[PDB]
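Structure first, commentary second.
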Amino acid sequence: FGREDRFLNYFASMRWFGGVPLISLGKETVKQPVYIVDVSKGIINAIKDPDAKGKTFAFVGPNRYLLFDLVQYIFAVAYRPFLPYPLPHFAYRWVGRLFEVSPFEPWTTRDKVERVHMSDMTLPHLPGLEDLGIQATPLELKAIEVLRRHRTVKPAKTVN
Amino acid sequence: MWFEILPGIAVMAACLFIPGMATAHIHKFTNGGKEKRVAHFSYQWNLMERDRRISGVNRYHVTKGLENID
Amino acid sequence: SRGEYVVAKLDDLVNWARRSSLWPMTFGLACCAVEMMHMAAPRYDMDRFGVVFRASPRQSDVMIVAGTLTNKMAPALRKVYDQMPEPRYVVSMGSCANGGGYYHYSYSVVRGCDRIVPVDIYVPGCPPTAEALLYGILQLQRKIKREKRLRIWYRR
Amino acid sequence: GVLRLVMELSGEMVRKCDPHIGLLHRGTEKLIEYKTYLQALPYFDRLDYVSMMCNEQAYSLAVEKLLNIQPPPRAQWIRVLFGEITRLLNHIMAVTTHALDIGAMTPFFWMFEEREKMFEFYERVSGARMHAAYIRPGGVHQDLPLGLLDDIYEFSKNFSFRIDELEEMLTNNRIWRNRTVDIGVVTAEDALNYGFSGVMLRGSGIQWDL
Amino acid sequence: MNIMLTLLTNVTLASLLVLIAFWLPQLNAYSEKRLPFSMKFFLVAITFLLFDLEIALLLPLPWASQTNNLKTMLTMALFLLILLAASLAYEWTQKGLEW
Amino acid sequence: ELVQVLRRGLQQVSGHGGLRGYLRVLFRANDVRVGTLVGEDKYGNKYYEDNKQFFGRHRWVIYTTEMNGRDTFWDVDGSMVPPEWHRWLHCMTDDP
Amino acid sequence: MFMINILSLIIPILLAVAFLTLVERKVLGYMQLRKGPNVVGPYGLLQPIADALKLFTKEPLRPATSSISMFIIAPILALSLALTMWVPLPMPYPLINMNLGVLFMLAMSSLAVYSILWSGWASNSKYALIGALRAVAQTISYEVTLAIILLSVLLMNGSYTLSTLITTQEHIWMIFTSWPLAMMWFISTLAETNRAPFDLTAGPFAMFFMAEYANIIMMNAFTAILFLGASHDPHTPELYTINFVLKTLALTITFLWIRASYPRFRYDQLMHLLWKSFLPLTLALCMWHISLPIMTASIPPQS
Amino acid sequence: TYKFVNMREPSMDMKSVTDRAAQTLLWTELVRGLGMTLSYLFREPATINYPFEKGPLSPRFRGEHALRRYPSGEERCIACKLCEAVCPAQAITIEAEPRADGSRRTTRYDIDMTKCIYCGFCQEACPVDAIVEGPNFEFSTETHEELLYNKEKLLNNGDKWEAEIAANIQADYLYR
Ligand SMILES: CCCCCCCCCCCCCCCCC[C@@H](O)O[C@H](CO[C@H](O)CCCCCCCCCCCCCCC)COP(=O)(O)OCC[N+](C)(C)C
Ligand SMILES: CCCCCCCC/C=C\CCCCCCCC(=O)O[C@H](COC(=O)CCCCCCC/C=C/CCCCCCCC)COP(=O)(O)OCCN
Ligand code: SF4
Ligand code: SF4
Ligand code: SF4
């Protein structure tokens with residue numbers, strides 16, 4: 001997630017369709033957002049780090065969130081009224097397919113809706129971002145930076 | 001020189017020629033080759049309505065001549 | 001096929017439209033601006049090329065940096081660049097704007113306007129002559145002519 | 001040029017006017033301390049880039065006074081001639097830009113044609129249109145080309161008509177008079193105290209010309 | 001009917017051409033990145049409103065000239081214009097037209 | 001009078017090789033003046049002069065349509081002039 | 001065939017406006033010892049087309065905080081009013097023959113200020129709001145004297161019908177009967193359209209620009225109809241159309257000339273100009289033109 | 001001696017007052033300005049047809065830099081570094097060593113076009129006229145890097161412009 005990131009921006013963009021549709025009201029999906037600067041610094045340090053030749057890293061954020069309250073926080077920062085209505089998984093797929101038609105880059109795709117709904121895995125065995133000497137930045141510090149432009153406090157609860 | 005301004009001006013003139021002329025031609029084509037009848041004051045409107053009824057083709061422009069007096 | 005032909009023709013039309021009317025906003029920072037105003041003078045007549053005289057930033061197409069960029073002025077120039085509609089270009093005029101020039105080793109001078117904004121055309125000289133600036137503007141026109149957006153979108 | 005101006009207005013009236021400068025501070029005076037005198041000469045072209053050879057002349061006079069030498073008479077006559085040409089250039093710039101800001105905008109072109117001719121004179125004498133660096137602290141760099149005085153005479157016998165056209169456009173116009181008359185009135189004592197010079201003094205009746 | 005059709009056509013053409021102008025550059029992808037309350041400006045609007053009312057009163061003059069009572073209508077029209085001039089003069093002398 | 005200016009216009013049309021050449025020069029150089037041929041360039045540039053024009057317009061160049069490797073029917077520029085004709089064209093000398 | 005008539009009225013005005021810009025640049029350039037656009041097209045003839053295409057292909061900068069409703073509505077109103085005010089005009093025959101054509105045009109011109117007000121208030125800026133307020137005040141101020149001068153002139157016509165103006169001026173122009181009113185009317189039309197010396201203030205910007213230029217052309221055409229009467233022969237209206245177009249072109253070129261010839265007023269200076277030089281003279285001449293037909297037994301017929 | 005610019009007193013007789021009132025009411029000076037502009041329209045413009053026509057120049061004109069060579073074909077530069085010393089903007093960088101035949105020649109001769117002020121001090125400081133500032137001015141560039149000249153670029157410029165450069169030096173060397 002970042003300033004020119006789709007994920008923070010993608011949720012904010014929907015407000016246009018009035019309501020926000022989340023499969024199972026977003027109650028069965030957990031996410032692990034990571035800051036863009038953190039990933040770039042991790043890549044730089046991995047370039048610098050000599051023993052990270054054949055290793056595999058997992059860059060994750062500090063806090064896990066349910067989809068519903070994450071979208072709620074995104075809409076709260078943007079000062080946009082938030083209405084969430086459950087949508088059938090098959091119904092959601094249909095909308096994505098309709099969207100997929102455009103010559104121009106699509107707002108959403110079937111793979112994207114399915115991908116967003118899925119909860120982020122957890123791989124504690126893989127070396128993480130902290131092994132590269134970087135402290136992951138919480139989304140609460142950069143939410144205002146990303147979402148100030150979407151306008152014209154109460155951080156979301158995390159699960160660990 | 002200054003006459004190089006004349007082309008664009010000419011275009012404007014042509015663009016300003018089209019509306020008025022067009023109206024006149026349409027007024028000649030819709031009103032049977034004559035000037036469109038103006039109707040203020042509600043008396044000219046009565047004259048037009050009387051003309052429409054007399055012709056029998058439901059058109060004010062068609063004119064019934066003396067030949068229709070028997 | 002016809003799919004490439006139609007996008008090629010439309011791309012040519014769009015490029016001709018964009019390069020046949022370039023509306024510049026000019027930062028008259030220093031002495032380079034005086035030659036700028038001589039390119040609008042009757043002898044050279046920038047307006048006869050479709051290049052309008054002193055366009056507003058809200059509807060400008062090309063940014064001409066004419067003069068020294070100090071540290072105190074750089075944020076304002078960056079903001080003005082950020083306030084431009086997307087099909088925008090920057091022309092760096094003169095040696096001070098190109099690389100700091102005759103105040104390169106100064107404590108209060110940006111060593112080239114390209115540290116702040118990307119630059120499309122560099123016009124050399126101190127100041128560059130009116131004809132030299134006209135040559136640069138014409139060159140920018142050819143560069144715009146060479147670009148191709150619909151083709152890239154088609155092959156992508 | 002480039003100016004930031006912070007002002008407080010009570011309704012239409014300007015209660016206070018504050019200019020913030022330094023947007024073109026390049027540190028010329030500190031850079032001069034790292035050059036020789038000849039190397040430091042071209043900075044004065046850049047100081048007042050509407051009147052170049054006048055700055056050249058001032059710097060050359062200072063260096064000559066410190067050196068206890070004097071230029072040859074022909075150099076001095078050339079200096080005064082090109083200083084008067086520079087004065088014509090600067091006054092054209094000033095008047096036409098004043099009118100342009102107010103809104104006339106036609107004499108700007110009318111007189112920048114003559115300004116282009118005077119840059120042709122500069123280029124013929126020095127090889128540079130506006131930053132010649134011709135006046136050196138020992139005289140001038142090069143002698144005039146053999147056909148320059150004739151062209152200067154030909155130019156200068158036609159300029160009075162251009163000034164007359166400018167006056168036709170400006171001097172008797174009621175809009176221009178209403179824009180300029182009784183605006184920015186300064187008293188002679190205030191002008192002398194505040195450090196004014198040139199026209200800003202002579203507009204208040206002070207009889208002073210260096 | 002004809003006036004309604006003409007107004008509808010003008011509005012429709014303006015709306016369509018504004019929409020195409022506003023949507024043609026939105027198909028291609030880009031970066032996609034107080035109090036003072038001056039009092040004289042209110043007096044200008046109020047004076048305009050009052051003079052517009054008096055103009056509304058003056059409007060039936062072209063038909064007023066065929067009444068057979070020409071002396072009375074001339075007297076009343078001149079009276080209305082005199083009071084309009086008097087309103088202007090009163091607002092002038094009370095420093096109501098200053099800046 | 002007016003007949004004479006029309007005659008000079010017709011002479012300009014006839015002096016460019018007909019209507020085809022007239023349209024060619026009008027759309028390539030935005031000018032239809034005719035002058036004495038001063039010289040021909042080894043790259044295809046033609047140089048004309050007319051001393052009756054005011055200073056600045058008394059010399060001009062008609063560019064070639066194909067220089068070293070590119071099509072130059074439309075994309076002409078001032079860097080295509082060789083140094084000798086560059087000196088002549090910029091009035092740095094009176095001798096071609 | 002009323003749709004065809006509407007389209008044949010509405011399209012040539014827009015083309016005329018596009019070409020007017022070329023003429024304005026070209027006329028000004030030759031007045032400044034230079035040329036206008038003469039590279040894009042044989043004589044700059046392709047310059048308006050390139051300008052239109054570039055402006056229509058350039059990104060629109062929506063303020064990201066403004067009321068999109070009024071932001072869209074204002075150009076719609078501007079274009080609609082500008083195109084509507086051409087309907088009443090008779091060249092020689094009007095598209096719509098109104099009894100109160102002049103009054104209808106007055107009402108439309110009165111509406112014209114809502115676009116300025118909405119554009120200023122939707123701009124989401126204090127300074128643009130102040131500028132819009134100044135423009136609206138100037139517009140209402142000068143439309144007052146426009147209305148008074150217009151009724152004073154129509155007192156010799158006998159009605160508000162625009163066609164009757166052709167019958168009134170069959171022998172002599174109206175400029176000779178009352179030139180001072182024509183002078184003040186010309187200045188008031190200059191000040192209404194925010195034209196020099198009164199010019200104190202991608203897609204929607206072009207929309208407003210075409211609206212303003214169409215208003216300029218329409219104002220000049222109305223002035224030519226009102227004060228420079230062309231002789232109309234019923235069996236060949238093309239002569240009247242040619243004369244009317246020539247006079248309108250001359251008046252528009254006169255606006256360009258005045259723009260090229262003068263400096264600009266201050267705001268308070270034009271306020272003082274109107275309220276202390278035009279209004280008293282306008283009222284005095286209105287009294288004079290009321291009393292004049294009665295003194296001379298020269299009252300126009302229609303009632 | 002001094003003159004008064006605005007020390008006139010308008011006459012107060014009836015004819016003068018009537019003349020001023022006629023000026024105020026009929027806008028006579030505005031018509032005079034209009035007439036000046038109208039007359040000025042009907043005269044030939046001063047615009048030249050660039051790039052097909054070019055502005056006048058002089059043999060002294062300072063343009064793009066070039067390194068010259070002798071008629072035999074050896075370069076005139078002897079690595080004296082006087083141009084580098086005199087350069088007011090420090091735009092010249094020079095490195096030299098003895099050539100394989102023992103000649104005194106440069107191995108590096110760079111001029112930064114973006115630090116150059118085009119003053120011409122370098123060409124007048126040169127003892128052997130190795131470096132000159134030629135007549136070319138139409139060398140605008142799309143990147144900052146191509147405006148950083150090395151010895152090869154300057155030698156190529158000299159070989160490219162030598163004819164015109166030599167002609168200009170022949171025309172102007174008797175003034176130097
Ligand atoms: C009625 C329906 C309208 C729909 C929308 C379209 C709007 C109107 C379209 C008409 C626009 C006219 C375009 C004509 C431009 C060509 C100009 C020509 O002169 O350019 C030459 C050729 O250059 C380019 O190659 C021209 C390419 C232009 C496009 C070619 C065909 C495009 C037509 C497709 C239109 C279909 C629209 C479909 C969507 C509705 C070279 O000029 P240039 O180099 O600059 O200047 C050099 C300056 N010199 C000579 C002094 C040195
Ligand atoms: C015997 C029976 C006759 C009855 C009596 C009738 C006699 C009429 C005598 C008087 C008529 C003259 C009235 C004309 C309007 C005069 C208004 C006026 O003079 O106001 C000016 C203002 O005038 C202007 O400044 C306007 C200039 C705006 C620029 C426009 C350029 C002018 C040239 C354009 C050409 C005009 C074309 C007119 C005809 C148009 C045809 C449609 C005063 O301002 P200041 O001089 O600054 O002084 C005020 C401080 N005390
Ligand atoms: S680049 Fe040269 S001419 Fe331009 S402002 Fe700097 S010193 Fe002056
Ligand atoms: S012209 Fe002047 S600034 Fe440029 S390299 Fe030569 S000495 Fe240095
Ligand atoms: S002054 Fe001349 S010879 Fe000496 S180093 Fe410079 S270019 Fe070479």
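By convention in this document, chain letters (A, B, ...) are assigned in the order of the sequence lines, proteins followed by strands, and residues within each chain are numbered from 1. Note that ligands are numbered from 1 as they come in the structure, with each ligand's atoms numbered from 1 the same way.
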Practice item. Pick, from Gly94(C), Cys32(C), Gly99(C), the option with the minimum heavy-atom distance to atom 4 (Fe) of ligand 3. Key: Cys32(C)

To check your reading of the model: name the closest protein heavy atom to [atom], its residue, and the distance in Å.
atom	result
atom 35 (C) of ligand 1	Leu13(C) CD2, 4.1 Å
atom 50 (C) of ligand 1	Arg28(F) O, 3.3 Å
atom 1 (S) of ligand 3	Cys126(C) SG, 3.1 Å
atom 38 (C) of ligand 1	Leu10(C) CD2, 4.2 Å
atom 23 (O) of ligand 1	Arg19(C) NH2, 3.5 Å
atom 3 (S) of ligand 3	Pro127(C) N, 3.0 Å
atom 47 (C) of ligand 1	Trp74(F) O, 4.0 Å
atom 18 (C) of ligand 1	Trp16(C) NE1, 4.4 Å

Atoms of ligand 1 close to [X] [distance to a heavy atom under 4.0 angstrom, numbered from 1]:
X	answer
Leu53(G)	7 (C)
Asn30(F)	51 (C)
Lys145(C)	44 (O)
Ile49(G)	11 (C)

Review point. Looking at CD1 of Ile111(H) and CG of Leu148(H), how far apart are the two atoms once the value is rounded to the nearest 0.5 Å?
Key: 11.0 Å

Review point. Hey, what do you get for CG (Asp41(F)) to CE (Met80(F)), rounding to the nearest 0.5 Å?
Key: 9.0 Å

Exercise for review: Count the heavy atoms of every other residue, nucleotide or ligand shown that sit under 6.0 Å from CD1 of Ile21(D), and state whether that count exceeds 12.
Suggested key: no

Check your understanding: At a 4.0 Å cut-off, with the gap strictly under it, does some heavy atom of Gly101(C) reach an atom of ligand 3?
Key -> no

Revision key, fill the gap. At under 4.0 Å between heavy atoms, what of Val76(F) touches ligand 1? The answer is side chain

Review point. Mind checking whether atom 8 (Fe) of ligand 3 has an N, O or S of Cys31(C) under 2.8 Å?
Key: yes

**Study point:** Those residues that, when tested against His38(C), pass ring-ring contact (aromatic ring centres under 6.0 Å, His included) (two or more places apart)
**Key:** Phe112(D), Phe119(D)

Point to revise | Contact bool for atom 5 (C) of ligand 1 (protein heavy atom, d < 4.0 Å) | key: no

Check your understanding: Would you say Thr64(F)'s side chain and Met67(F)'s backbone share a donor-acceptor pair under 3.5 angstrom?
Key -> no

Review point. For the side chain of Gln39(D) and the backbone of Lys35(D), is there at least one donor-acceptor N/O pair under 3.5 Å apart?
Key: no

Revision key, fill the gap. Under 4.0 Å between heavy atoms, the region of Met130(D) that gets near ligand 3 turns out to be neither

Practice item. Examine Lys9(C) against ligand 1 and note whether any of their N/O atoms are separated by less than 3.5 Å. Key: no

Exercise for review: Answer yes or no for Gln141(C): is there a heavy-atom contact with ligand 1 below 4.0 Å?
Suggested key: no

**Study point:** Under 2.8 Å from atom 4 (Fe) of ligand 4 - protein N/O/S, by chain and number
**Key:** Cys116(H) SG

Exercise for review: Would you verify whether the NZ or CZ of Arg28(F) falls within 45 degrees of the ring axis of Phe73(F) while also being under 6.0 Å from that six-membered ring's centre?
Suggested key: yes

Review point. Can we call the ring centroids of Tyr44(C) and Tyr50(H) under 6.0 Å apart?
Key: no

Point to revise | Heteroatom N/O/S of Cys96(C) within less than 2.8 Å of atom 6 (Fe) of ligand 3 | key: yes

